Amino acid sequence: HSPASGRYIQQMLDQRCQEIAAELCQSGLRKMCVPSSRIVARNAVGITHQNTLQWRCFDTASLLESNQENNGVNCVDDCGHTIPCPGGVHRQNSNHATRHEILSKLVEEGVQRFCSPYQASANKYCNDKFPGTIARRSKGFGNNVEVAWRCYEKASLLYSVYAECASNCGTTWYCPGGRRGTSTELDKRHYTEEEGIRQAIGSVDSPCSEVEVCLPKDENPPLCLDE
C-alpha cells in the first residue's frame, strides 16, 4: 500500500480499448487483431486532419517513441485530467480507433469513484484562476529540489513522474503528472499559489466526524475510524 494514485481510470480505458480492438478484429479489421499488450487508450491527435484531442484506442506498435508537435499522447489521472505521457502519434501511419464518447463517459464514471474531493477543490481553484491548469506540489523552473503548490499547465506535466497531490483525507498523496524541475520552456508554465491552493484544500468538508480519524484510500470514500 503506497500513498499513491492507482491510475484506475487509465486502466479501465486501456481495458475497454482492448475489448474494442477485439470486436473490430471480429468484424474483419485485420490491423486490430493483436494481443492485449499492444493496445492502450490515449488522448491525442490522430492521422492527418484528425487534429483535435480525442480518446482513441492505439496500437502501441504504431506509436512513435517521442513527439515533435503537435503529436504527443496524453494519459489521464484519477481526477479526469489528461497529461502528457511517453510516445507520439505517427500522423500517416497511426493504427487506432477513435472512441471519444465511450471513453469520455468511462472517465466521468471513474472521476466519481477515484477523485479526491480535496484534490478536486485544489484543481477547481487552479482552473478558475488559470484555465486548463491543475494543482500539484511539485518542482518549478530550473530547480529539481524545491516543491510548492502550483497551478500547472497540463502540457508541462509528465505522467510518468509522480508528484504530490491531496489524498481524500487532505493529506500527502502522490499522483501521476509531475515536473523534473529542468530548464525547458515547458518548465515555466505554472503559477505558484501556495495560499490559494491550501485554502482551497482547507475549505473541503471532512468525510469523517470531527471525532473520527480519516485514513486515505485510492478510492472514495476514505476509512473513518473512531478516535
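The first residue of the shown sequence is 1; numbering continues from there.
Among the other PDB entries of this protein that were compared and that flank it with modelled residues, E194 is modelled in all, so it is never left out in a third of them. In the comparison with other entries of the same protein, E69 is left without coordinates in at least one third of those covering both sides of it. Comparing the deposited coordinates for 126-134 and 78-86, the stretch with the larger average C-alpha B-factor is 126-134.
The deposited model assigns a higher average Cα B-factor to 212-220 than to the other stretch when 14-22 and 212-220 are compared.
In this entry, the residue among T98, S104, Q92, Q119 with the greatest C-alpha B factor is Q92. Among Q54, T172, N168, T48, the highest C-alpha B-factor recorded in the PDB entry belongs to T48. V40 sits in the lowest third of its chain by CA B factor, as recorded in the PDB entry. Residue-level temperature factors show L158 in the middle third of its chain, judged at the C-alpha atom.
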